[PDB]
């Protein structure tokens, strides 16, 4: 029930980041424009090389906010994840900073060879 903000170390029980994601970060220590900045599913997946199974099966499975696309209401709603959890999930799916670069570098190697 009652929880320790990772950040300020204070107790809290109810946070926007603890309701919507299970992130022990009290709303005072929330950074909705910086560390607590969101990302679309797609950018996430292309910017960190993350299978939907890496998001949704891997434990704990990350959660997201639905939003309406801008003046694009005829299209499907955006799945906004917290960028912070993607960063870490990635780090734990790739195991390193270096391995993400290396694999995307190897990824480009094929993309050019796929079409070459």
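Residue numbers count along the first chain shown, from 1.
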Look over 68 to 76 and 26 to 34 in the entry and identify the one with the greater average Cα temperature factor. 68 to 76
In this PDB entry, which of 41, 63, 58, 83 has the top CA B-factor? 58
Based on the entry's values, in what third of the chain does the Cα temperature factor of residue 94 lie: lowest, middle or highest? highest
Hey, what third does residue 5 fall into on Cα B-factor, ranked over its chain? middle
Can you tell me which third, lowest, middle or highest, the CA B-factor of residue 17 falls into for its chain? lowest
